[PDB]
Amino acid sequence: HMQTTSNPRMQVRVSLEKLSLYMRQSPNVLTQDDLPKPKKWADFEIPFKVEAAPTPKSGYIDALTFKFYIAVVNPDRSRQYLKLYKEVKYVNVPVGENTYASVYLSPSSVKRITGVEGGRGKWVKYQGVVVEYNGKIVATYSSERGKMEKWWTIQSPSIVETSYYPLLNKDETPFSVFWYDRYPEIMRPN
Amino acid sequence: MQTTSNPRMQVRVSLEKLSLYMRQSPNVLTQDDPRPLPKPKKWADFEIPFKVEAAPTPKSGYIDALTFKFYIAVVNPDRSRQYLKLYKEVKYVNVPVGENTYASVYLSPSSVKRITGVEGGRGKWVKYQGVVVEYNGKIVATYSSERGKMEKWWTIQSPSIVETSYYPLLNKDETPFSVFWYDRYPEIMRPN
Amino acid sequence: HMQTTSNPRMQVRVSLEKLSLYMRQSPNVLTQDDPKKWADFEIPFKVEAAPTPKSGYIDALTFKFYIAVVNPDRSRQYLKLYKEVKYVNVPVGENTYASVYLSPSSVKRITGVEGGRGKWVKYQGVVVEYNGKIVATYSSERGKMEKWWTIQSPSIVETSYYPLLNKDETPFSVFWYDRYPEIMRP
Ligand SMILES: [Cl-]
Ligand SMILES: [Cl-]
Ligand SMILES: [Cl-]
Ligand SMILES: [Cl-]
Ligand SMILES: [Cl-]
């Protein structure tokens, strides 16, 4: 049952900032019965904020869908770009609050792409984030401007989408152990 | 999913009551703590004690599975004229016979704050509760917060009660409680 | 989108050792507030590829695990347990591990005691696929019974109960991360 629980006339506006990459070490969780060298995860974060007309009495909207697009150079075929895609659906998105969305690449994805643990160079070649509310686009971020803005829509032989090098939501990473108020709850696979 | 056991075996489940506990999520210690440290908030943890018996008693001491259906009703915080009906199925596997154990479902801190308006909840924000237990697709036990004609309130078709998959009810393995209190509950069957 | 991202002429070879059972405690995770035995089936393996990929990795390998135990609810019958684990970004030329797990309650139900007793694992098998083709097979049996998981017989019954779990479906998910490749999510 995915119909709005809110005012069906409610409209939503989303302000996006930029997607930025942070290299973050995997937590070494301590245990009672007593240590590996932590590997480096790629953590892509984008600040956003939600407003609505009218404002929901609960102070939240049901859900927002984030679509992440990341392009990298194929490390096995150098004249080709790989396009990586991930949809993250958040639930109970607060209104009027500095919030963040995020997606991740594993240490082995980063090492395979770049050749070294933790990465090197500007290995992220293109970035994009599209936000949808009730199936309609309400915000777009891109690392490109003008004609190249929506690069993820460009059909070209030099860039191919792959499900390999999988993009992961926070609940698909070891950072799920760290509950932070700034990220909304992620809707589980249905 | 045919039974690995005697297909004529029947099962009886003794339920106690579903109780709500507000509980902080575990604050896990790490080698290099992050700055700032995570400040866990309070989850809604709905707990129901139960015990199983069977005829005849399975030689292994366990039954294959039991399905728990949870029904929770709250006031829609966005349209206070109506109630929201929240639903969750939890399929437990390897359920021991003759042993006190527990079933549970959860609401996140943001679901609780959205429903009640304050972090950690306030008031009697849970209006109705129900738990239905099935074995091999047959109802064997029912708990309800209501009596009389309102007992099976989750079967009432009404415009003032609306089911929603938002405010999602979570099973334990869908929460930060997954690896804790492991012996208190049976194993949960993963999504198929 | 599961076509290869590699050189399409690449040939992949996988060398398996043997599947072995370890009974292991779940991690006792320390928390700010206060500071049962799983079955852990482990199989070492190593990948080689010709030509060697520039990135040092292949896209994926699919591991199919087959485990047979005596049905504790009827002694004249075997239960066959099955699990597919798809690994991604599998390094080439590097000794690594694959694994599958049974919960404490599965082990206690099968054997009658926490932690297990006896040689309760009766048959084992691991089949590895690359791009949908079998590239390696391990079995606890040789001869006619080698591929015992393909034998149709009323004395062995497949069940999704006693579920086999991948590492990310267990409390071991965030530990020993360097020992195994990444697991592809559902
Ligand atoms: Cl920014
Ligand atoms: Cl950046
Ligand atoms: Cl009670
Ligand atoms: Cl209570
Ligand atoms: Cl062994």
# chains A, B, ... in the order shown; residues from 1 in each chain; ligands from 1
>>> residues_around(residues="residue B:20", least_positions_apart="3", cutoff="10 Å", atoms="only C-alpha atoms", output="VMD selection string")
chain B and resid 17 23 43 to 48 104 to 106 126
>>> write_last_selection(atoms="N, CA and C atoms", output="short mmCIF file (atom, residue, chain, number, x, y, z; two decimals), in the first residue's frame")
data_model
loop_
_atom_site.label_atom_id
_atom_site.label_comp_id
_atom_site.auth_asym_id
_atom_site.auth_seq_id
_atom_site.Cartn_x
_atom_site.Cartn_y
_atom_site.Cartn_z
N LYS B 17 0.84 -11.37 26.01
CA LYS B 17 0.40 -10.13 25.40
C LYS B 17 1.55 -9.46 24.65
N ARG B 23 13.33 1.44 23.42
CA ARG B 23 14.68 0.98 23.73
C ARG B 23 15.67 1.70 22.83
N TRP B 43 14.00 3.16 19.74
CA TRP B 43 13.16 2.39 18.85
C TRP B 43 11.94 1.88 19.60
N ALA B 44 10.83 1.71 18.88
CA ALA B 44 9.68 0.98 19.42
C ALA B 44 9.92 -0.51 19.21
N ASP B 45 9.96 -1.28 20.29
CA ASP B 45 10.21 -2.71 20.23
C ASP B 45 8.97 -3.40 20.80
N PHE B 46 8.17 -4.01 19.91
CA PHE B 46 6.96 -4.71 20.31
C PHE B 46 7.32 -6.16 20.56
N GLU B 47 7.07 -6.65 21.78
CA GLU B 47 7.50 -7.99 22.20
C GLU B 47 6.29 -8.81 22.60
N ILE B 48 6.20 -10.05 22.14
CA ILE B 48 5.17 -10.97 22.61
C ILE B 48 5.77 -12.30 23.02
N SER B 104 8.87 -10.54 17.85
CA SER B 104 8.96 -9.09 17.97
C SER B 104 8.83 -8.42 16.60
N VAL B 105 8.46 -7.13 16.65
CA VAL B 105 8.51 -6.24 15.49
C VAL B 105 8.84 -4.86 16.00
N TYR B 106 9.29 -3.98 15.09
CA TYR B 106 9.88 -2.72 15.50
C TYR B 106 9.39 -1.57 14.63
N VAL B 126 -0.17 3.97 20.65
CA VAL B 126 -0.61 2.71 20.05
C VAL B 126 -2.08 2.52 20.41
#
>>> interface_residues(of="chain C", to="chain A", cutoff="9 Å", atoms="only C-alpha atoms", output="compact mmCIF listing (two decimals) with C-alpha atoms, in the first residue's frame")
# COMPACT_ATOMS: atom_id res chain seq x y z
CA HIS C 1 23.10 -5.52 -16.54
CA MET C 2 25.23 -8.65 -16.01
CA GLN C 3 27.27 -8.90 -19.20
CA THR C 4 31.01 -9.02 -18.60
CA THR C 5 32.86 -5.72 -18.26
CA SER C 6 36.15 -7.54 -18.94
CA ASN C 7 38.05 -8.54 -22.05
CA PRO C 27 30.97 -12.27 18.04
CA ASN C 28 30.18 -10.83 21.45
CA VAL C 29 30.02 -7.23 20.34
CA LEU C 30 31.02 -4.66 22.93
CA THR C 31 28.67 -1.74 23.48
CA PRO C 35 31.52 -4.14 27.73
CA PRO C 53 42.70 -8.69 -16.59
CA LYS C 54 44.26 -5.24 -16.30
CA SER C 55 42.30 -4.51 -13.12
CA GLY C 56 43.47 -7.66 -11.33
CA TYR C 57 39.89 -8.84 -10.74
CA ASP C 59 33.43 -9.44 -12.26
CA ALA C 60 31.90 -12.30 -10.29
CA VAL C 88 31.82 -9.81 -6.94
CA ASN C 89 35.23 -8.26 -7.61
CA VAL C 90 37.02 -11.58 -7.15
CA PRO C 91 40.80 -11.00 -7.17
CA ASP C 168 26.07 -11.05 5.23
CA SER C 173 28.92 -9.98 8.32
CA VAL C 174 31.21 -7.11 9.39
CA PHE C 175 34.09 -9.28 10.66
CA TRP C 176 37.03 -10.94 8.91
CA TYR C 177 36.26 -8.74 5.93
CA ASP C 178 39.65 -9.32 4.26
CA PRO C 181 35.38 -11.36 -1.53
CA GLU C 182 32.39 -9.04 -1.51
CA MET C 184 26.47 -9.48 -4.30
CA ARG C 185 23.25 -8.38 -2.57
CA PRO C 186 19.84 -9.82 -3.61
>>> residues_near_ligand(ligand="ligand 5", cutoff="10 Å", atoms="only C-alpha atoms and all ligand atoms", output="ChimeraX atom specification")
/C:18-23,40-42,119,121
>>> write_last_selection(atoms="N, CA, C and O atoms", output="PDB file, in the first residue's frame")
ATOM      1  N   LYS C  18      39.146 -27.924  -0.047  1.00  0.00           N
ATOM      2  CA  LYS C  18      38.006 -28.673   0.468  1.00  0.00           C
ATOM      3  C   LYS C  18      37.135 -27.804   1.366  1.00  0.00           C
ATOM      4  O   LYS C  18      37.625 -26.899   2.049  1.00  0.00           O
ATOM      5  N   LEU C  19      35.829 -28.081   1.345  1.00  0.00           N
ATOM      6  CA  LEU C  19      34.914 -27.457   2.295  1.00  0.00           C
ATOM      7  C   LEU C  19      35.111 -28.084   3.664  1.00  0.00           C
ATOM      8  O   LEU C  19      35.100 -29.309   3.792  1.00  0.00           O
ATOM      9  N   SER C  20      35.317 -27.255   4.692  1.00  0.00           N
ATOM     10  CA  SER C  20      35.477 -27.741   6.058  1.00  0.00           C
ATOM     11  C   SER C  20      34.529 -27.005   6.992  1.00  0.00           C
ATOM     12  O   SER C  20      34.305 -25.804   6.841  1.00  0.00           O
ATOM     13  N   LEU C  21      34.027 -27.727   7.989  1.00  0.00           N
ATOM     14  CA  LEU C  21      33.103 -27.167   8.968  1.00  0.00           C
ATOM     15  C   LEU C  21      33.857 -26.683  10.199  1.00  0.00           C
ATOM     16  O   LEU C  21      34.645 -27.427  10.796  1.00  0.00           O
ATOM     17  N   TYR C  22      33.613 -25.432  10.575  1.00  0.00           N
ATOM     18  CA  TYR C  22      34.062 -24.878  11.834  1.00  0.00           C
ATOM     19  C   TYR C  22      32.848 -24.481  12.659  1.00  0.00           C
ATOM     20  O   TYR C  22      31.998 -23.722  12.178  1.00  0.00           O
ATOM     21  N   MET C  23      32.782 -24.948  13.900  1.00  0.00           N
ATOM     22  CA  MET C  23      31.794 -24.422  14.836  1.00  0.00           C
ATOM     23  C   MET C  23      32.378 -23.195  15.516  1.00  0.00           C
ATOM     24  O   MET C  23      33.484 -23.254  16.066  1.00  0.00           O
ATOM     25  N   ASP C  40      30.053 -22.787  10.452  1.00  0.00           N
ATOM     26  CA  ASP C  40      30.730 -21.977   9.441  1.00  0.00           C
ATOM     27  C   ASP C  40      31.472 -22.921   8.503  1.00  0.00           C
ATOM     28  O   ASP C  40      32.494 -23.502   8.891  1.00  0.00           O
ATOM     29  N   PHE C  41      30.948 -23.081   7.289  1.00  0.00           N
ATOM     30  CA  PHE C  41      31.547 -23.941   6.266  1.00  0.00           C
ATOM     31  C   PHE C  41      32.470 -23.092   5.397  1.00  0.00           C
ATOM     32  O   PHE C  41      32.014 -22.155   4.742  1.00  0.00           O
ATOM     33  N   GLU C  42      33.758 -23.433   5.370  1.00  0.00           N
ATOM     34  CA  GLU C  42      34.780 -22.631   4.709  1.00  0.00           C
ATOM     35  C   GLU C  42      35.428 -23.440   3.598  1.00  0.00           C
ATOM     36  O   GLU C  42      35.814 -24.589   3.824  1.00  0.00           O
ATOM     37  N   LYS C 119      29.488 -36.759  13.505  1.00  0.00           N
ATOM     38  CA  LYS C 119      29.757 -36.257  12.160  1.00  0.00           C
ATOM     39  C   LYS C 119      28.402 -36.075  11.486  1.00  0.00           C
ATOM     40  O   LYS C 119      27.946 -36.897  10.692  1.00  0.00           O
ATOM     41  N   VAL C 121      27.413 -33.831   9.346  1.00  0.00           N
ATOM     42  CA  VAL C 121      27.435 -33.472   7.937  1.00  0.00           C
ATOM     43  C   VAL C 121      27.762 -34.744   7.167  1.00  0.00           C
ATOM     44  O   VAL C 121      28.870 -35.274   7.277  1.00  0.00           O
TER      45      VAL C 121
END
>>> residues_near_ligand(ligand="ligand 2", cutoff="9 Å", atoms="only C-alpha atoms and all ligand atoms", output="PyMOL selection string")
chain A and resi 18-22+44-45+122+124
>>> write_last_selection(atoms="N, CA, C and O atoms", output="PDB file, in the first residue's frame")
ATOM      1  N   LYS A  18      25.750  19.385  -3.436  1.00  0.00           N
ATOM      2  CA  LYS A  18      26.535  18.613  -4.390  1.00  0.00           C
ATOM      3  C   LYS A  18      26.860  17.244  -3.811  1.00  0.00           C
ATOM      4  O   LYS A  18      26.949  17.072  -2.591  1.00  0.00           O
ATOM      5  N   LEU A  19      27.019  16.268  -4.695  1.00  0.00           N
ATOM      6  CA  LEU A  19      27.520  14.970  -4.270  1.00  0.00           C
ATOM      7  C   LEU A  19      29.030  15.060  -4.095  1.00  0.00           C
ATOM      8  O   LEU A  19      29.732  15.554  -4.983  1.00  0.00           O
ATOM      9  N   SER A  20      29.539  14.595  -2.953  1.00  0.00           N
ATOM     10  CA  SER A  20      30.970  14.646  -2.675  1.00  0.00           C
ATOM     11  C   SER A  20      31.448  13.290  -2.190  1.00  0.00           C
ATOM     12  O   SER A  20      30.733  12.597  -1.466  1.00  0.00           O
ATOM     13  N   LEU A  21      32.682  12.945  -2.549  1.00  0.00           N
ATOM     14  CA  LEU A  21      33.272  11.662  -2.169  1.00  0.00           C
ATOM     15  C   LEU A  21      34.098  11.787  -0.895  1.00  0.00           C
ATOM     16  O   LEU A  21      34.949  12.672  -0.781  1.00  0.00           O
ATOM     17  N   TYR A  22      33.855  10.883   0.052  1.00  0.00           N
ATOM     18  CA  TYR A  22      34.684  10.722   1.238  1.00  0.00           C
ATOM     19  C   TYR A  22      35.189   9.288   1.263  1.00  0.00           C
ATOM     20  O   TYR A  22      34.402   8.352   1.092  1.00  0.00           O
ATOM     21  N   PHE A  44      29.794   8.441  -0.890  1.00  0.00           N
ATOM     22  CA  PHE A  44      29.274   9.584  -1.634  1.00  0.00           C
ATOM     23  C   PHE A  44      28.107  10.189  -0.850  1.00  0.00           C
ATOM     24  O   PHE A  44      27.118   9.500  -0.590  1.00  0.00           O
ATOM     25  N   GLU A  45      28.212  11.477  -0.499  1.00  0.00           N
ATOM     26  CA  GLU A  45      27.216  12.160   0.318  1.00  0.00           C
ATOM     27  C   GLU A  45      26.689  13.385  -0.405  1.00  0.00           C
ATOM     28  O   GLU A  45      27.459  14.119  -1.036  1.00  0.00           O
ATOM     29  N   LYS A 122      41.595  11.511  -9.741  1.00  0.00           N
ATOM     30  CA  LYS A 122      40.166  11.790  -9.830  1.00  0.00           C
ATOM     31  C   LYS A 122      39.554  10.637 -10.613  1.00  0.00           C
ATOM     32  O   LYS A 122      39.351  10.700 -11.827  1.00  0.00           O
ATOM     33  N   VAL A 124      36.538   9.311 -10.097  1.00  0.00           N
ATOM     34  CA  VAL A 124      35.130   9.561 -10.396  1.00  0.00           C
ATOM     35  C   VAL A 124      35.063  10.603 -11.509  1.00  0.00           C
ATOM     36  O   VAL A 124      35.388  11.775 -11.298  1.00  0.00           O
TER      37      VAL A 124
END
>>> residues_near_ligand(ligand="ligand 4", cutoff="8 Å", atoms="only C-alpha atoms and all ligand atoms", output="ChimeraX atom specification")
/B:18-21
>>> interface_residues(of="chain A", to="chain B", cutoff="7 Å", atoms="only C-alpha atoms", output="PDB file with C-alpha atoms, in the first residue's frame")
ATOM      1  CA  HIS A   1       0.000   0.000   0.000  1.00  0.00           C
ATOM      2  CA  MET A   2       2.139   2.837  -1.390  1.00  0.00           C
ATOM      3  CA  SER A   6      -0.595  12.662   3.570  1.00  0.00           C
ATOM      4  CA  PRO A  27      34.751   0.276  11.400  1.00  0.00           C
ATOM      5  CA  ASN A  28      36.649  -2.255  13.462  1.00  0.00           C
ATOM      6  CA  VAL A  29      33.857  -3.280  15.818  1.00  0.00           C
ATOM      7  CA  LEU A  30      35.245  -4.385  19.189  1.00  0.00           C
ATOM      8  CA  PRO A  56       2.508  17.997   6.738  1.00  0.00           C
ATOM      9  CA  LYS A  57       1.226  18.147  10.297  1.00  0.00           C
ATOM     10  CA  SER A  58       3.583  15.285  11.205  1.00  0.00           C
ATOM     11  CA  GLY A  59       6.592  17.247   9.972  1.00  0.00           C
ATOM     12  CA  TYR A  60       7.578  14.436   7.570  1.00  0.00           C
ATOM     13  CA  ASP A  62       6.233   9.478   3.388  1.00  0.00           C
ATOM     14  CA  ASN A  92       9.900   9.387   6.887  1.00  0.00           C
ATOM     15  CA  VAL A 177      26.045  -0.070  12.672  1.00  0.00           C
ATOM     16  CA  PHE A 178      26.288   3.750  12.998  1.00  0.00           C
ATOM     17  CA  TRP A 179      22.839   5.304  13.355  1.00  0.00           C
ATOM     18  CA  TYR A 180      23.025   9.030  12.569  1.00  0.00           C
TER      19      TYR A 180
END
>>> atom_distance(atom1="atom CA of residue A:61", atom2="atom CA of residue B:161")
19.4 Å
>>> closest_atom_pairs(of="chain C", to="chain B", cutoff="6 Å", atoms="only C-alpha atoms", output="CSV")
residue,atom,partner,partner_atom,distance
C:30,CA,B:29,CA,5.7
C:31,CA,B:28,CA,4.3
C:32,CA,B:27,CA,5.5
C:72,CA,B:60,CA,5.2
C:73,CA,B:59,CA,5.0
C:109,CA,B:60,CA,5.6
C:171,CA,B:179,CA,5.6
>>> select_by_dssp(residues="stretch 135-164 of chain C", states="strand (DSSP E or B)", output="list in words")
residues 135, 136, 137, 138, 139, 156, 157 and 158 of chain C
>>> residues_around(residues="residue A:139", least_positions_apart="6", cutoff="10 Å", atoms="only C-alpha atoms", output="JSON, numbers by chain")
{"A": [13, 14, 15, 16, 48, 66, 129, 130, 131, 132, 133]}
>>> residues_around(residues="residue A:143", least_positions_apart="5", cutoff="12 Å", atoms="only C-alpha atoms", output="PyMOL selection string")
chain A and resi 17-20+68-71+124-129+148-152
>>> write_last_selection(atoms="N, CA, C and O atoms", output="compact mmCIF listing (two decimals), in the first residue's frame")
# COMPACT_ATOMS: atom_id res chain seq x y z
N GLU A 17 22.39 20.15 -2.61
CA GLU A 17 23.74 20.69 -2.77
C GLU A 17 24.51 19.76 -3.72
O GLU A 17 23.94 19.38 -4.74
N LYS A 18 25.75 19.39 -3.44
CA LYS A 18 26.53 18.61 -4.39
C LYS A 18 26.86 17.24 -3.81
O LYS A 18 26.95 17.07 -2.59
N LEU A 19 27.02 16.27 -4.70
CA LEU A 19 27.52 14.97 -4.27
C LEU A 19 29.03 15.06 -4.10
O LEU A 19 29.73 15.55 -4.98
N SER A 20 29.54 14.59 -2.95
CA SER A 20 30.97 14.65 -2.67
C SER A 20 31.45 13.29 -2.19
O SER A 20 30.73 12.60 -1.47
N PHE A 68 21.15 7.64 -8.04
CA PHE A 68 22.55 8.00 -8.10
C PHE A 68 23.15 7.44 -9.37
O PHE A 68 22.90 6.28 -9.72
N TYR A 69 23.95 8.27 -10.05
CA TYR A 69 24.66 7.91 -11.27
C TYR A 69 26.13 8.25 -11.09
O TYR A 69 26.48 9.41 -10.85
N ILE A 70 27.00 7.25 -11.21
CA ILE A 70 28.44 7.45 -11.09
C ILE A 70 29.11 6.84 -12.32
O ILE A 70 28.83 5.70 -12.68
N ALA A 71 30.00 7.60 -12.95
CA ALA A 71 30.73 7.10 -14.11
C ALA A 71 32.22 7.05 -13.80
O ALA A 71 32.77 7.98 -13.21
N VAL A 124 36.54 9.31 -10.10
CA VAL A 124 35.13 9.56 -10.40
C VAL A 124 35.06 10.60 -11.51
O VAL A 124 35.39 11.77 -11.30
N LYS A 125 34.62 10.18 -12.69
CA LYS A 125 34.65 11.04 -13.87
C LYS A 125 33.36 11.83 -14.07
O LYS A 125 33.41 12.97 -14.56
N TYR A 126 32.21 11.25 -13.72
CA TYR A 126 30.93 11.94 -13.79
C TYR A 126 30.07 11.54 -12.60
O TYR A 126 30.14 10.40 -12.14
N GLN A 127 29.26 12.48 -12.12
CA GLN A 127 28.34 12.24 -11.02
C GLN A 127 26.98 12.85 -11.33
O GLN A 127 26.89 13.90 -11.97
N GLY A 128 25.94 12.20 -10.84
CA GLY A 128 24.59 12.72 -10.97
C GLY A 128 23.69 12.19 -9.87
O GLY A 128 23.87 11.07 -9.39
N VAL A 129 22.72 13.01 -9.47
CA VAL A 129 21.71 12.61 -8.50
C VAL A 129 20.38 13.19 -8.94
O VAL A 129 20.27 14.39 -9.19
N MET A 148 25.79 18.81 -21.35
CA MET A 148 26.25 17.57 -20.74
C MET A 148 25.63 17.31 -19.36
O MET A 148 26.00 16.33 -18.71
N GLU A 149 24.68 18.15 -18.93
CA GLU A 149 24.17 18.07 -17.56
C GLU A 149 23.63 16.69 -17.25
O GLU A 149 24.07 16.03 -16.30
N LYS A 150 22.66 16.22 -18.03
CA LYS A 150 22.04 14.92 -17.80
C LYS A 150 22.76 13.84 -18.60
O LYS A 150 22.19 13.13 -19.43
N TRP A 151 24.06 13.72 -18.30
CA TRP A 151 24.93 12.79 -19.01
C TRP A 151 24.45 11.35 -18.89
O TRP A 151 24.71 10.53 -19.79
N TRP A 152 23.74 11.00 -17.81
CA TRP A 152 23.27 9.63 -17.66
C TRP A 152 22.18 9.26 -18.67
O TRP A 152 21.86 8.08 -18.78
>>> residues_around(residues="stretch 130-145 of chain C", least_positions_apart="3", cutoff="9 Å", atoms="only C-alpha atoms", output="short mmCIF file (atom, residue, chain, number, x, y, z; two decimals) with N, CA, C and O atoms, in the first residue's frame")
data_model
loop_
_atom_site.label_atom_id
_atom_site.label_comp_id
_atom_site.auth_asym_id
_atom_site.auth_seq_id
_atom_site.Cartn_x
_atom_site.Cartn_y
_atom_site.Cartn_z
N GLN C 3 26.24 -8.51 -18.25
CA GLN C 3 27.27 -8.90 -19.20
C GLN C 3 28.64 -8.56 -18.61
O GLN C 3 28.78 -7.69 -17.75
N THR C 4 29.66 -9.28 -19.08
CA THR C 4 31.01 -9.02 -18.60
C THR C 4 31.44 -7.60 -18.94
O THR C 4 31.09 -7.05 -19.99
N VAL C 12 38.63 -18.11 -17.45
CA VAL C 12 38.77 -18.10 -16.00
C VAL C 12 38.91 -19.53 -15.51
O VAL C 12 38.17 -20.42 -15.95
N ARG C 13 39.86 -19.75 -14.61
CA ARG C 13 40.04 -21.04 -13.96
C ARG C 13 40.05 -20.85 -12.45
O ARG C 13 40.63 -19.88 -11.94
N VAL C 14 39.42 -21.78 -11.74
CA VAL C 14 39.29 -21.71 -10.30
C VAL C 14 39.80 -23.00 -9.70
O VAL C 14 39.42 -24.09 -10.16
N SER C 15 40.66 -22.89 -8.70
CA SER C 15 41.21 -24.03 -7.97
C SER C 15 40.64 -24.03 -6.55
O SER C 15 40.97 -23.16 -5.74
N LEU C 16 39.82 -25.03 -6.26
CA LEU C 16 39.21 -25.22 -4.95
C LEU C 16 40.04 -26.16 -4.09
O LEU C 16 40.65 -27.12 -4.58
N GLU C 17 40.06 -25.89 -2.79
CA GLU C 17 40.50 -26.88 -1.83
C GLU C 17 39.25 -27.62 -1.34
O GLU C 17 38.38 -27.94 -2.15
N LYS C 18 39.15 -27.92 -0.05
CA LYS C 18 38.01 -28.67 0.47
C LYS C 18 37.13 -27.80 1.37
O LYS C 18 37.63 -26.90 2.05
N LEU C 19 35.83 -28.08 1.35
CA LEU C 19 34.91 -27.46 2.29
C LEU C 19 35.11 -28.08 3.66
O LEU C 19 35.10 -29.31 3.79
N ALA C 60 32.71 -11.51 -11.20
CA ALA C 60 31.90 -12.30 -10.29
C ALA C 60 32.21 -13.78 -10.47
O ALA C 60 32.70 -14.21 -11.53
N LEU C 61 31.92 -14.54 -9.42
CA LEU C 61 31.84 -16.00 -9.41
C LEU C 61 30.59 -16.39 -8.63
O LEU C 61 30.30 -15.79 -7.60
N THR C 62 29.89 -17.41 -9.10
CA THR C 62 28.74 -17.95 -8.36
C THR C 62 29.13 -19.27 -7.72
O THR C 62 29.55 -20.20 -8.42
N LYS C 122 26.80 -35.23 6.38
CA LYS C 122 26.95 -36.52 5.72
C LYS C 122 27.53 -36.40 4.31
O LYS C 122 28.35 -37.24 3.92
N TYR C 123 27.13 -35.38 3.54
CA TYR C 123 27.68 -35.12 2.22
C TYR C 123 27.88 -33.63 2.03
O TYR C 123 27.11 -32.81 2.55
N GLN C 124 28.89 -33.28 1.25
CA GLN C 124 29.19 -31.88 0.93
C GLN C 124 29.52 -31.74 -0.54
O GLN C 124 30.09 -32.65 -1.16
N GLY C 125 29.19 -30.58 -1.10
CA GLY C 125 29.54 -30.27 -2.47
C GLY C 125 29.58 -28.77 -2.67
O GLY C 125 28.81 -28.03 -2.05
N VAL C 126 30.49 -28.33 -3.54
CA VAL C 126 30.61 -26.93 -3.93
C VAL C 126 30.85 -26.89 -5.43
O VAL C 126 31.81 -27.49 -5.92
N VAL C 127 29.99 -26.18 -6.15
CA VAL C 127 30.13 -25.98 -7.59
C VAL C 127 30.32 -24.49 -7.83
O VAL C 127 29.57 -23.68 -7.29
N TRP C 148 26.63 -36.09 -5.96
CA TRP C 148 25.52 -36.68 -5.22
C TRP C 148 24.30 -35.77 -5.17
O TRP C 148 23.19 -36.26 -4.97
N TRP C 149 24.49 -34.46 -5.34
CA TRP C 149 23.38 -33.52 -5.34
C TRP C 149 22.54 -33.59 -6.61
O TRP C 149 21.49 -32.94 -6.66
N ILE C 151 21.54 -36.64 -7.74
CA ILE C 151 20.94 -37.97 -7.69
C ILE C 151 19.52 -37.85 -7.16
O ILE C 151 19.30 -37.39 -6.04
#
>>> atom_distance(atom1="atom CA of residue C:158", atom2="atom CA of residue B:55")
24.6 Å
>>> residues_around(residues="stretch 135-143 of chain B", least_positions_apart="2", cutoff="6 Å", atoms="only C-alpha atoms", output="PyMOL selection string")
chain B and resi 13+66+130-133
>>> residues_around(residues="residue C:38", least_positions_apart="4", cutoff="12 Å", atoms="only C-alpha atoms", output="JSON, numbers by chain")
{"B": [182], "C": [21, 22, 23, 24, 25, 26, 27, 100, 101, 102, 103, 104, 105, 106, 107, 108, 114, 115, 116, 164, 165, 167, 170, 171, 172]}
>>> atom_distance(atom1="atom CA of residue C:66", atom2="atom CA of residue C:84")
9.2 Å
>>> closest_residue(among="B:85, B:72, B:129, B:22", to="residue B:146", atoms="only C-alpha atoms")
B:129
>>> closest_residue(among="B:145, B:184, B:120, B:12", to="ligand 3", atoms="only C-alpha atoms and all ligand atoms")
B:145
>>> closest_residue(among="A:41, A:90, A:123, A:100", to="ligand 1", atoms="only C-alpha atoms and all ligand atoms")
A:100
